[PDB]
């Protein structure tokens, strides 16, 4: 008989696992337990800090919540108004020397006139074709061009998406974008071109909140802390090494065995198939595709340059830089980098030069966070990528050659994006029902591998809904119907439900 027995075991304490745990904790029915190999919960929603005191998330993390329940747990965890900062959702596309407001097509007035002509002509073709279309697009590429036309597609979404996904747009499905018809808003686009108008999709209503301290990672430490500590096992002692699906037994690295009746696994599903020693599942998970993410962080001396201003995140379709996205992380919280009086030496100038002096000087400081994707179709030279990113910062006029870099950061995350390939659904609908037959609920960004429900709130709710299905017979809506949950505000499920009110 096992060392420990619980009704429901949760593997992994990123957002998905912590969602499952919060719901089990609230229900307070079946016994339960959560394990993670890391001492610190959060998964890919964690945060690092450099020796010089610059924080970096695992790339740009901006919360948009589709669920009251998710909101309830964040409010519980970080309940003070000064636990958070609010910002507008300000983003731009870098294109031919210009910062073009997102969405790109509504702002092509900034481009040269001859190019505007090409863009409008292409979108006219797409509008005329959309008017008689009687089939759905089958690939991401087809969807892009039917929405945007050839010209606008070639400038942004085609080269941008290869830089992000590390696979061509022709090899991805397009159902994950939702059920919106692939057609141009020709009038809107042409109107701004005629008016010479620019317009971003943000304002006092289009906002996000970001944690005052600890980066995105601070949220999940705070949420985890609301759980009964004896029901958690985090660290080397919590690393899962073996899953015996037939005996419903799990073995940890230190040899501890855990028996379960139901399993919620939030580890990557290809790792799960190995831990199970299931040759059939290993073969199937190997049919899936993912990209790795390099996160590069750069700490810069000086007050925030006028050219940067209130920018939050930025897209880079062009090939003069390796990164697809940059984040002005110092704009998210004053505590993402040291205060102005902190003294740091200059490590190098942006052009690669040595500084005049080695003396530690004061701030203030700002901070840029970069993302570079990697796959077997898009290799990344690990040894030069930092320097390539810094050159890319100069090329894109984010840094001057003279800017003083005081901190650098580079980390590679093996599983970064689960790719919406054409083959994905054919594979997942074999994998997930086989796990289900064994009472294994494999869920999460890489637990169930669906990018369109792959953010923090989706993940958290995948765990919540998994538990609700296990206990109360709930439909796993986020898992099976992304369009459904993304197109509504999910208000019904709360951190305090009728059941707990009636109980007291």
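Positions refer to the first chain, counted from 1.
Of the two segments examined, 432-440 and 61-69, it is 432-440 that shows the higher average Cα temperature factor in the deposited entry. Look at the C-alpha B-factors of 369-377 and of 353-361. On average they run higher in 353-361. Out of 341, 216, 391, 331, the entry records its largest CA B-factor for 341. Set against one another, the Cα B-factors of 420, 255, 159, 299 in the record reach their highest point at 255. Annotation for residue 472: C-alpha temperature factor in the highest third relative to the rest of the modelled chain, per the entry.
Among all modelled residues in its chain, residue 246 ranks in the highest third by Cα B-factor.
When the modelled residues of the chain are ordered by C-alpha B-factor, residue 275 sits in the highest third. Among the modelled residues of its chain, residue 236 has a C-alpha B-factor that falls in the highest third, as given in the PDB entry.
Looking at the C-alpha B-factors along this chain, the one for residue 100 belongs to the lowest third.
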